[PDB]
Structures are given as C-alpha cells and as structure tokens.
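Residue numbers (the working numbering), protein chains in the order written: chain A, 492 to 708; chain V, 164 to 373; chain R, 76 to 87. A virtual CB, placed ideally from N, CA and C, is assigned to each residue, including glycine. Let me begin by presenting the structure, written as structure tokens, before commenting on it.
Printed below as a string of structure tokens:
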C-alpha cells in the first residue's frame, strides 16, 4: 500500500465565514501518525497553521489562527480536518496537509487546495483580444474582471503551446482578478493561421473562446 | 521578508542557504524544496539527516544557533525555492526561504504595445497593454506616457516565472483608464529601459489610427 | 515536546 494524502473542500468564503478542509489518508494510520496543516499565500512563503497528534491527544496552533481554527481527526475514516472559522482576507492561501516524520519534518504532502476569503462575488471574465500588428508578431487575450481564481487559458484547444506566456493574475482594486495570455508567432502566419484563445473559469462555470484577428482598417 | 529571497546561480555551483526561522539551539530543523504549482519535498530532517531518496549532494549542518543547507553541485533540476523549518516544543516556524534562479547571459526584451479593443471600449473601460518578451535579467523598468505626461498609479505589472527552455522572463504592464479618460488623450507610449538595451525603447500609438 | 512526539510514534 502506497502512502498518500488527498485533500477535499476549499473555495470562496466571505469574511467572518466558516469552512472545513479534509485530508483523507491512505497507506498509513492517522491514529498512529501526526498530521500538519501548512498554508501558502500567493507569491509568499510557507506558513505553519496547525498540528495534531491523535495518539497523545495533543493539538498545536499558530498564533495567527489560534481561537479561530480547529484541527481534528476521525480515526474510523482515517481523515484529518481543519475547521476554519472567522475567516479574514489574509487567510487567503493554498492549504496543504502533510504527514509528520522525525522532528515534525513533513515527508508526505497533499495536493493543496485554494481558499479565497473576500466579499467579491463570483464572476466570469470578459475576454478581449490583443490584436497583432507589424519577423515575429505578438498577439493575445486580456482576461479581465473575473473572480475568484483560477482561470485556465489555452490556445487553439491546446494545439498551440510553443511561445505562449500566460501571466500570473493581478488582484485589482475592485477586488476582481485580471490577466493576459500572449503568444509570439511568425508574421507570415497571421494571414494563414487562425488563432483562438480558450478561457475556462470553473468557479463561474463560464467558458469563452475568442478569435484574435489582426484589426481591420 | 514575507516573500522568499532571490539567488542567481549556475549549474555546477556550490550553494549554502542559512535558515532564518528565528530558531534556537534546541530546535529540530528540516529543509524543503518547492517548485511552482507543487507541494514541498522533504530534503533534510533533524538538522543534518538526509531523507530517503534525496541525492547526496544535499547536506544539512548545524553550527551553534545557525542552521545551514548546502548543495555541493547545483543540477538543472535543483533550481527551485528552498525553505527551512524549525520545530520547538509547541510551535513550527518556516523561514523566509531562498529562490534559486538560473544565471544567464543578458538578453534584451522584444517590446510590443496593444491598444484597447473596440469590444472593451464598448463596455466602458480601456486597457492598454505593454509586453516585454523573453529577457534577462528580471530587473526591467516600464514607464507609461500619455500625451507626454509620465504616469504612475494607473498601471500594474505581472512577471512570468523563469522559462525552463531559455531561462528568460517575460513581463506585462497594463495601463487602465475609463473610456472617458482614454478619449481625452491622443498619444499612448510605454518606455522600456533594461540592461540589454543601450538606449530606452519606446513603443507607442495614437488613438484612432491604423 | 511537539518536536519530540514523532520520534516516539515511529518507535511504536
């Protein structure tokens, strides 16, 4: 039996709200092991959140979450949980579960799950073309005003990957996210080759395909 | 110091990272490697013990209060972010961490400017995008000019992760105005200064033209 | 104490 940790739950929650993450274990017994929650805000370092040692009945918490978060474990379901209450904007992060080893070193990790805390409403992006002009031409799509993360962007249904740069989202002052995806191609191909960006926004269940053409005069 | 430090290195280089988790002598210390979009991987535990399966070029050491991770010879797969962890009797602290990036020859950016689409102008806003493509080093300066007035505060930048193929970065700067404000001005330009550019490059357009 | 519990569990 191979060891692994599968996380469930997560998503969008408003400030002051409550949310529970799950960490289903297999390949080892959670009742004779330690489970730890570690989070990572976008572009930031790792931050320890909580730890549980079911055998001894000890739980430990970071000061930043103390009295708001609760770590627990269901022996029969071989699953650990992180109950997150009184959420704040600064709790926005990817949340990882991990198994403990000597010295609380963490040897096996879950896949991570994104938790977004914000008052902004779920919203699909508007997709606008970044039209090429005049060697090498550049074109793209502006994926504007969507919420929450993430969006996936591909080109020609995955057929075009070489030269593609999809930029990290930027959080605007409106509370909405926005990004651009660009691709460099040969100028000669602009007349012949058709270019479509495929934007997919699971949280709003919206899917948009936009053909990027060289603007007409 | 909430974000990881940066370090530029070449393949074959020796690297020593010092742990800054505000630790003590008692601390049990661990080291991790993290790559973008992936969970961290355990490298070292108990200060100096090599974790099962981890290459021998990784080593950990303790000298008094100072905990250290050394990579004796950097390999292509080793370019990533590294974190130390310090466990006390009731607390775990991760350090700031160091992001090791690939050293490379200087490469000037290809610069492109994109006026707002008619589709966006209909919706009531106007975004002007300036693209800096495939350059090195990361440090670039992108300044916006509208009718010869230098701008600040109405644009946001975004930078890609170092490219796996050619070790270059790409950057976008997006000037955002209302439709009304966009219509008030004629000439839009982004000026790019960069190490691989002997002089600053300006790409510009006039609103309304081919 | 947190830092010493995993050693004890691995011995069981």
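Would you mind telling me which residues of chain V sit closer than 8 angstroms to residue 77 (chain R), beta carbon to beta carbon, in chain order? 250, 251, 252, 253, 254, 255
Among residues of its own chain, excluding the 5 on either side of residue 293 (chain V), which ones have a beta-carbon nearer than 8 angstroms to its beta-carbon? 274, 275, 276, 277, 305, 307, 335, 336, 337, 338, 353, 355, 366
State whether the segment 492-503 of chain A contacts the segment 606-614 of chain A, with contact taken as three or more CB pairs (one from each stretch) at a distance under 8 angstroms. yes
DSSP state of residue 217 (chain V), grouped into three classes? coil
Looking only at DSSP bridge pairs, what is residue 542 (chain A) linked to? A:527, A:551
Classification of residue 280 (chain V) by the beta-carbon crowding that lies within 10 angstroms, buried from 16 upward: buried
Note down the Cα distance separating residue 162 (chain V) from residue 179 (chain V), rounded to an integer number of angstroms. Outside the modelled stretch of chain V, which goes from 164 to 373, sits residue 162 (chain V), for which no answer is possible.
Please classify residue 525 (chain A) as buried or exposed, where buried requires at least 16 other C-beta atoms within 10 Å of its C-beta. Answer is buried; the Cβ neighbour count reaches 16.
Give a yes or no on whether the C-beta atoms belonging to residue 587 (chain A) and residue 511 (chain A) are separated by under 9 angstroms. no
Secondary structure at residue 82 (chain R), three-state DSSP: helix, strand or coil? helix
State yes or no: is the C-beta of residue 212 (chain V) within less than 9 angstroms of the C-beta of residue 272 (chain V)? Not in contact: residue 212 (chain V) and residue 272 (chain V) (Cβ atoms no closer than 9 angstroms).
Report the three-state DSSP secondary structure of residue 686 (chain A) (helix, strand or coil). Coil, per DSSP.
Relative to the C-alpha of residue 673 (chain A), which residue among A:627, A:694, A:493, A:497 is closest? A:627
Residue 346 (chain V) to residue 318 (chain V), Cα distance in whole Å? 17 angstroms
State the start and end residues of the unbroken alpha helix (DSSP H) segment that holds residue 328 (chain V). Residue 328 (chain V) -> no alpha helix (DSSP H), and no H or E assigned at all.
Identify the continuous beta strand (DSSP E) that holds residue 304 (chain V) and give its terminal residues. If you look at residue 304 (chain V), you'll find it in the beta strand (DSSP E) that goes 303-309.
So the beta strand (DSSP E) residue 273 (chain V) belongs to, where does it begin and stop? According to the DSSP assignment, residue 273 (chain V) belongs to the beta strand (DSSP E) that extends over 273-277.
Measuring straight from C-alpha to C-alpha, what distance separates residue 559 (chain A) and residue 220 (chain V)? 42 angstroms
Quick check on the DSSP output: the alpha helix (DSSP H) that includes residue 285 (chain V) runs from which residue to which? If you look at residue 285 (chain V), you'll find it in the alpha helix (DSSP H) that goes 281-286.
For residue 174 (chain V), the nearest candidate out of V:206, V:244, V:302, V:235 (CA to CA): V:235
Minimum C-alpha distance to residue 522 (chain A) - residue among A:616, A:555, A:552, A:547: The closest CA to that of residue 522 (chain A), considering only A:616, A:555, A:552, A:547, is found on A:547.
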